[PDB]
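Please read the structure below before turning to the comments.
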There are 4 protein chains.
Amino acid sequence: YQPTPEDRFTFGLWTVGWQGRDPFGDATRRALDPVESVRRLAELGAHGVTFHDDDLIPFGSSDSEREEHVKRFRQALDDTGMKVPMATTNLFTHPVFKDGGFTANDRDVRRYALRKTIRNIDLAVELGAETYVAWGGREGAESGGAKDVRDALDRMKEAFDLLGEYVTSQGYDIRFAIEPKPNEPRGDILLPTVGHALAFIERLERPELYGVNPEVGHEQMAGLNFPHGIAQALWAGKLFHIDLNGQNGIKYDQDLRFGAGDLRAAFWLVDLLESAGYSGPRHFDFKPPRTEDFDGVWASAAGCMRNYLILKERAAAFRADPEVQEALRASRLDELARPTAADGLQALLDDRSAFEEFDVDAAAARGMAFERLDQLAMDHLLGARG
Amino acid sequence: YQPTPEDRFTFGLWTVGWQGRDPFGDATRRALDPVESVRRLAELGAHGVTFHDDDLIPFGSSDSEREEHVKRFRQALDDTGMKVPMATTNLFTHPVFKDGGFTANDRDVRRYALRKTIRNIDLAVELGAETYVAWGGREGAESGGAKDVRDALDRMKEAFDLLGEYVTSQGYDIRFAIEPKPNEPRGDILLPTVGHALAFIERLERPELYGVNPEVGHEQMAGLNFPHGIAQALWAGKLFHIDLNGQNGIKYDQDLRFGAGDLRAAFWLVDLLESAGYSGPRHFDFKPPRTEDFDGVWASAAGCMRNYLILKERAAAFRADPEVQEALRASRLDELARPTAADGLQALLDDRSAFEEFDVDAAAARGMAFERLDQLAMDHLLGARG
Amino acid sequence: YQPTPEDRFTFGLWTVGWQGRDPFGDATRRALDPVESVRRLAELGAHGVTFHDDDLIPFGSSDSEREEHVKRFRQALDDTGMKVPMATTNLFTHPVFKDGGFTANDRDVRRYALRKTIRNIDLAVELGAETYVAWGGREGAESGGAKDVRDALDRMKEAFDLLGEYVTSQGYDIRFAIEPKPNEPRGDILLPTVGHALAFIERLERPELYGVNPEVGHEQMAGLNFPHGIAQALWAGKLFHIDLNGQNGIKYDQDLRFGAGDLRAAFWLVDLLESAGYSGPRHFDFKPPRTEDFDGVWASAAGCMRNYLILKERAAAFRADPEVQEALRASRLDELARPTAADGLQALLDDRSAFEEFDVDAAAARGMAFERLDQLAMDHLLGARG
Amino acid sequence: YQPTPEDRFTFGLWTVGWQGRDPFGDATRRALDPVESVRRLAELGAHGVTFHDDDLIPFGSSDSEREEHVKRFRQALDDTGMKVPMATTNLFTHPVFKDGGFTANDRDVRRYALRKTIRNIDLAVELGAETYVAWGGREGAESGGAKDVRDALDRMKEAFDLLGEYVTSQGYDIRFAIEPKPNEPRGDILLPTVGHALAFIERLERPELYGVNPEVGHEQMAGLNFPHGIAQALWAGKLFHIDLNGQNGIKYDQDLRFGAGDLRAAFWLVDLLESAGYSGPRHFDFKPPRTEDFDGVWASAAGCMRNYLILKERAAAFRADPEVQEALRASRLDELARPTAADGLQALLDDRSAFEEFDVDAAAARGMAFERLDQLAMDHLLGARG
Ligand SMILES: [Mg+2]
Ligand SMILES: [Mg+2]
Ligand SMILES: [Mg+2]
Ligand SMILES: [Mg+2]
Ligand SMILES: [Mn+2]
Ligand SMILES: [Mn+2]
Ligand SMILES: [Mn+2]
Ligand SMILES: [Mn+2]
């Protein structure tokens with residue numbers, strides 16, 4: 001289960017670089033130099049890195065300091081062959097963003113937020129990024145009166161429409177991906193799930209430029225089925241990117257390494273991504289627990305890729321097993337793929353065998369054989385059969 | 001706080017008619033005759049009633065029995081002035097629907113499901129229904145392999161597209177509303193939240209015919225902010241109908257009476273619906289607890305309308321208070337309504353006061369005064385000020 | 001992974017006998033004759049069966065009908081060698097119990113509840129039961145005023161104290177186990193978790209007679225860590241019995257087959273039960289999904305035992321691996337077992353190396369090597385190493 | 001609704017002093033000088049203040065700096081009349097505590113943890129503290145193998161037993177209160193709810209010295225009913241202290257101001273505390289949202305006390321209303337207070353009216369009239385009746 005750059009595993013600078021500051025505790029690890037993360041990630045077999053603007057260029061840097069940070073970063077990429085497939089903006093850490101970026105009540109912060117984003121889009125494109133992610137972590141509210149959500153959605157649409165106008169006027173070959181999250185650090189965050197984000201995209205001026213970057217743990221923070229939500233994003237043609245990690249249920253955003261948390265959901269997710277032919281980055285938005293030294297940071301990053309490769313192998317065996325193929329037919333998964341009424345509304349309406357002569361009681365008695373199917377998947381996940 | 005038919009309160013037959021059968025218990029109340037619910041609801045001041053097909057016509061009835069049930073129902077409506085503003089299909093109770101209706105793996109059940117729906121649409125329209133609700137309570141899965149969700153969404157789109165073709169070919173003046181629910185009775189239900197439903201509607205052949213019927217407790221079963229989700233449905237022009245009730249957090253679907261559960265969320269919801277001018281039915285999808293006799297059933301139904309009328313009065317006082325108007329300006333809610341960059345992308349890009357000369361530290365120091373605002377809302381909800 | 005009676009797997013009659021009636025649906029399966037469940041469970045390798053009174057003797061039966069049901073049941077046990085290690089009372093299904101059994105507000109129902117329990121204790125003992133379980137599924141409330149919880153706890157203590165007085169006066173060799181559940185079918189249930197039940201037991205007149213029967217899915221319905229709670233029950237000497245099944249997070253009580261739901265939690269649970277030497281029944285309180293025919297019912301029951309046997313093997317390999325032993329020492333699990341201050345309070349107070357000369361910064365820098373440990377456990381669970 | 005020191009409202013230094021550092025953001029407020037919090041809290045009508053050691057004495061201070069901080073603090077108390085009713089230790093912020101204090105795997109950290117606690121107990125007593133709180137926020141684990149929970153409970157019992165030996169050998173008149181929390185900042189925290197803490201206390205060497213300090217939002221983070229859990233702590237004689245705040249359901253620990261979050265639960269809580277005669281501090285463990293300036297900090301602190309005083313008035317009106325007294329009798333709350341079988345086990349066993357001549361069907365038909373009762377409570381909370 002050795003990872004190679006062909007597996008397209010990527011990592012954010014903020015992930016292995018997380019110092020371990022949490023709400024009740026100080027940092028337990030020293031800051032990594034972005035250049036040293038590039039090199040150690042390359043050694044582990046990573047395909048690329050991603051970044052917030054403020055991960056690479058310290059907030060408040062002059063153009064002269066900004067340029068020097070980009071230079072040393074670029075040389076590290078050239079020496080390693082490291083790709084930069086995705087970039088994003090930090091619109092949440094600085095106190096100025098305490099009520100949001102794009103949907104802050106203060107108009108001047110919103111304008112500032114857009115200028116800060118536009119500047120990092122330039123850098124992202126120059127560096128090779130295909131996807132630009134937006135996580136609106138501060139867009140939201142703790143109390144009901146603080147935020148008129150219709151106006152806030154107007155302001156959110158205004159911001160993304162202006163970003164779309166910017167990139168098309170520049171001729172940049174980049175798309176946007178909204179990363180939803182239901183809560184934390186705001187009591188409720190706008191566009192809280194994959195679904196709300198997908199619906200919002202349809203009201204943008206150029207919807208074709210926008211998709212989602214769903215994260216395993218965020219959907220699970222709402223008790224949702226992450227594979228199902230990924231299937232809906234794929235069905236809509238909107239899975240531009242994906243954040244992989246682990247989460248144990250409805251609580252604070254844990255960002256555990258991928259495979260931890262809900263193990264069966266991770267299996268069904270890999271099964272879907274591979275059998276659907278998803279070809280984008282397998283990105284890990286995770287946090288090595290602050291109990292770990294730097295040896296643990298790299299072991300946790302390596303475990304991310306290792307668990308994906310193991311689940312990939314197990315899912316492929318599950319689908320390739322002829323006992324499983326026969327179980328799928330016994331559950332009538334193949335009939336799910338058949339149009340319900342390709343004969344048309346009229347034909348269906350004049351089909352007495354569909355309602356008048358329908359033997360409802362004989363149909364009710366068929367078993368779906370779902371448990372036998374599910375035990376075969378369990379056996380394959382656990383390796384009790386190949 | 002007396003309810004009148006002008007308040008547009010409606011109730012499902014299955015609500016006050018709930019006998020109290022729960023997963024671990026037998027019915028504690030006798031079945032109500034639909035005609036007797038119409039009359040007692042009329043006496044309480046209800047505006048109308050809604051129904052599943054199987055609430056009015058016992059499953060398996062002949063056309064002769066079907067017709068006689070509709071007759072006595074219609075006379076009750078004529079005698080009372082009761083409206084029937086919404087109707088829906090029961091595609092979940094009968095064992096034949098154990099793997100779904102529109103997305104059952106068995107093709108013949110899916111065809112049956114559509115014929116059963118189409119037949120009740122005719123009745124709904126003849127009876128005056130403006131909205132036809134679809135709750136896909138059985139569309140979903142307990143295990144990951146049981147359901148290919150991309151195919152299931154194809155089958156779901158096929159079903160609603162055929163319903164849209166039916167009603168437009170008949171010239172019916174009726175729209176559809178999808179009622180989302182995240183889980184129960186399936187482990188995970190398809191289209192689990194308002195957002196997923198809104199996104200799905202955009203891929204239908206005639207999206208203008210379809211909106212959502214959100215329910216207070218269902219969104220709350222995913223830990224979501226119901227007012228926020230209602231604001232997004234209103235923003236999209238898709239709030240066709242609404243289910244009001246109460247729910248205490250993330251657990252089984254309680255269907256408590258409206259006002260119970262999350263009381264502040266009910267206040268912010270009423271505030272939004274009234275200040276937005278929502279003009280559809282205020283429908284209560286609730287269940288009188290099975291501890292109650294028939295006196296408790298009607299007291300619980302009356303409490304639904306009473307709590308709405310009380311919250312309406314308190315929300316109107318909150319908005320009409322000049323101290324609250326001044327608190328709203330102190331929090332810059334009025335600036336949220338101002339376009340971020342109506343001067344355009346070019347102007348914004350050449351505005352040095354938006355990024356180059358932006359005093360980020362002075363902006364960071366502004367307080368949003370959200371707590372004072374929220375205490376004023378609390379005071380108004382509790383009646384510690386008028 | 002073949003189960004034998006030595007593995008002590010047991011099943012309730014109500015589990016494989018679940019007809020599939022859920023809150024929104026009718027039964028999808030015919031009722032099993034208790035004698036036929038005994039025989040098919042024996043064929044699968046089950047060690048024994050458990051029952052509610054009302055599973056074996058239909059509610060309202062005369063003594064003559066009661067006796068005949070017990071007779072045919074007993075012959076089935078004698079023919080198979082089937083044990084009856086645990087029994088319990090149904091104090092939740094009948095409408096008379098709609099506000100509770102032991103803590104119903106009506107005094108006459110409480111007296112009735114105790115007489116019904118006492119009668120089944122006699123039968124349980126005559127049949128060989130070592131453990132008598134109490135699940136107070138109706139003890140609780142939907143609304144805050146319905147139940148004075150201090151008085152209800154007085155009534156709960158009164159009931160169990162009287163049961164303890166009964167069994168000791170009869171000389172029965174049986175203990176009680178409280179099965180906690182946080183909610184469903186009541187909005188909130190009294191003694192909602194393992195912890196509350198353990199604390200309550202300490203205020204009974206004879207605490208030594210009472211322990212807990214925790215269920216995987218119930219603790220998980222509160223977002224709790226089930227292995228941790230089992231460790232606390234073992235630490236207190238109170239794990240009398242255990243209910244094994246599966247649950248996907250905070251939602252309705254799913255009662256999936258064991259291994260489904262949270263797979264890693266099931267691994268850590270088996271690891272604990274085996275390395276602690278738990279010798280009681282491995283009981284499955286689960287529900288074959290109502291999508292299944294009778295073939296699926298038995299496949300689901302067999303999967304319960306199969307997943308336990310697979311996790312047992314994987315946990316034993318994890319603990320037996322010398323790489324894991326060395327990882328445990330690297331994380332200082334062995335030092336956790338060392339008394340903190342066996343030298344005493346005085347010695348500790350005069351130890352300058354514990355506070356005055358303590359190098360807090362050097363201690364802060366140690367990594368706990370938890371991720372490497374956890375990846376070894378993952379590898380063992382998945383079978384990527386033996 | 002003006003608060004006076006007679007109302008016994010207290011606040012932690014860390015509450016109004018919270019600078020607004022959250023997991024994704026930097027501080028938005030300057031640090032308050034402990035002396036300035038004492039004075040402004042006194043002006044608002046607070047009864048007293050509480051503190052962690054590290055709130056008053058910066059970590060790593062010499063005895064000379066430690067003494068000077070205590071001096072200026074004490075003068076502020078003397079000038080104001082401010083009480084210090086409770087104190088606690090910070091065993092979670094410093095990186096040395098990243099795997100726990102009392103249950104850290106490293107034995108030397110555990111010894112350090114006890115010495116740090118013992119030193120602040122001296123100060124607490126000298127300052128007048130009646131209650132010493134322990135929040136074991138770092139005692140726990142992210143992964144299953146990191147922590148043997150039986151050993152960790154041994155180490156937890158060892159620590160509290162040594163604290164009990166210390167305070168009794170010194171003759172201090174102080175008791176301990178464990179503050180439970182289910183998760184955050186560890187994935188799972190030991191003693192996660194009021195119940196687990198109550199059960200653990202019973203295994204300490206001197207249980208009479210230990211009770212609980214429950215927090216509104218922590219129990220609610222597990223979906224539990226906080227009033228019910230408070231009733232169980234009162235029933236056991238263990239409510240030594242209480243943390244009041246607000247929380248919106250199962251998510252990160254919000255620490256909103258009291259009254260926010262679940263408003264009806266706050267009403268039922270106040271109703272219980274007042275009708276039970278709880279006489280301890282009404283302590284607010286809350287966090288002014290980081291959107292606020294210092295005006296908002298004090299408005300949020302004032303709102304804490306204001307909402308308590310408003311709910312107190314409404315609960316007293318509810319109980320004093322003769323319509324509510326009559327509703328309580330209609331629901332048979334008075335019969336809940338009657339012993340079930342004060343006539344004894346023998347009498348109960350020979351009472352044919354309790355089982356043989358029990359009219360189960362007539363009893364099943366009684367309604368509990370819970371909804372009418374609950375609407376009266378709603379009306380009182382909202383002020384739709386006095
Ligand atoms: Mg992410
Ligand atoms: Mg509904
Ligand atoms: Mg059970
Ligand atoms: Mg606290
Ligand atoms: Mn995350
Ligand atoms: Mn509902
Ligand atoms: Mn269960
Ligand atoms: Mn808290």
Side-chain angles (χ1 to χ4, degrees), chain A residues 10-12 14-15 50 52 86 88 90 92 133-137 177-181 184 212-219 221 241-245 247 253-255 258 283-287, chain B residues 10-12 14-15 23-24 50 52 86 88 90 92 133-137 177-181 184 212-219 221 241-245 247 252-255 258 283-287, chain C residues 12 14-15 18 24 135 137 179-185 189 213-221 226 243-247 251-258 261 283-287, chain D residues 24:
Chain A
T10 61
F11 292 84
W14 69 90
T15 66
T50 70
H52 301 83
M86 174 275 275
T88 185
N90 184 317
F92 47 89
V133 162
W135 173 59
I178 297 165
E179 176 177 351
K181 189 178 192 182
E184 202 196 7
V212 288
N213 178 44
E215 176 175 310
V216 172
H218 294 177
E219 301 301 298
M221 265 179 87
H241 199 263
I242 195 172
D243 276 5
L244 303 170
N245 62 10
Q247 169 79 19
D253 186 34
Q254 293 196 286
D255 287 353
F258 181 68
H283 180 246
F284 298 106
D285 192 353
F286 89 113
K287 261 168 198 83
Chain B
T10 61
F11 292 84
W14 69 90
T15 66
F24 304 75
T50 70
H52 301 83
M86 174 275 275
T88 185
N90 184 317
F92 47 89
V133 162
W135 173 59
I178 297 165
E179 176 177 351
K181 189 178 192 182
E184 202 196 7
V212 288
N213 178 44
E215 176 175 310
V216 172
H218 294 177
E219 301 301 298
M221 265 179 87
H241 199 263
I242 195 172
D243 276 5
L244 303 170
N245 62 10
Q247 169 79 19
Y252 73 98
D253 186 34
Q254 293 196 286
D255 287 353
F258 181 68
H283 180 246
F284 298 106
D285 192 353
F286 89 113
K287 261 168 198 83
Chain C
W14 69 90
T15 66
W18 184 58
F24 304 75
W135 173 59
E179 176 177 351
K181 189 178 192 182
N183 68 69
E184 202 196 7
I189 296 170
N213 178 44
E215 176 175 310
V216 172
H218 294 177
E219 301 301 298
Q220 285 180 352
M221 265 179 87
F226 188 70
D243 276 5
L244 303 170
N245 62 10
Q247 169 79 19
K251 50 167 58 86
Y252 73 98
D253 186 34
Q254 293 196 286
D255 287 353
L256 304 173
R257 80 189 189 281
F258 181 68
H283 180 246
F284 298 106
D285 192 353
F286 89 113
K287 261 168 198 83
Chain D
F24 304 75

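Protein chains get the first letters and strands the later ones, always in sequence-line order, with residue 1 at the start of each. Both ligands and their constituent atoms are indexed starting at 1 by order of listing. Side chains are part of it too, since the values below use all heavy atoms of this structure and drop only hydrogens, waters and symmetry mates.
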Atom nearest to the Mg ion (ligand 1) - A/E215, N, O or S atoms considered: OE1
The Mn ion (ligand 7) to C/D255: nearest N/O/S atom name: OD1
Distance flag, aromatic centroids of B/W14 and B/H283, threshold under 6.0 Å: yes
Aromatic plane relationship, B/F11 with B/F286 - under 30° parallel, 30 to 60° tilted, over 60° perpendicular: perpendicular
Heteroatom test (N, O or S) for C/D253 near the Mn ion (ligand 7), limit 2.8 Å: yes
Mutual orientation of the aromatic rings belonging to B/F284 and B/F258 [parallel < 30°, tilted 30-60°, perpendicular > 60°]: tilted
Short N/O/S contact of A/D243 with the Mg ion (ligand 1) (below 2.8 Å): yes
Main-chain N/O of B/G217 paired to B/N245 side chain as donor or acceptor, under 3.5 Å: yes
Metal-centred angle, OD2 of A/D285 through the Mg ion (ligand 1) to OE2 of A/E179, rounded to 10 degrees: 160°
Sub-4.5 Å side-chain heavy-atom contact between B/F24 and C/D253: yes
The Mn ion (ligand 7) to nearest N/O/S of C/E215 less than 2.8 Å: yes
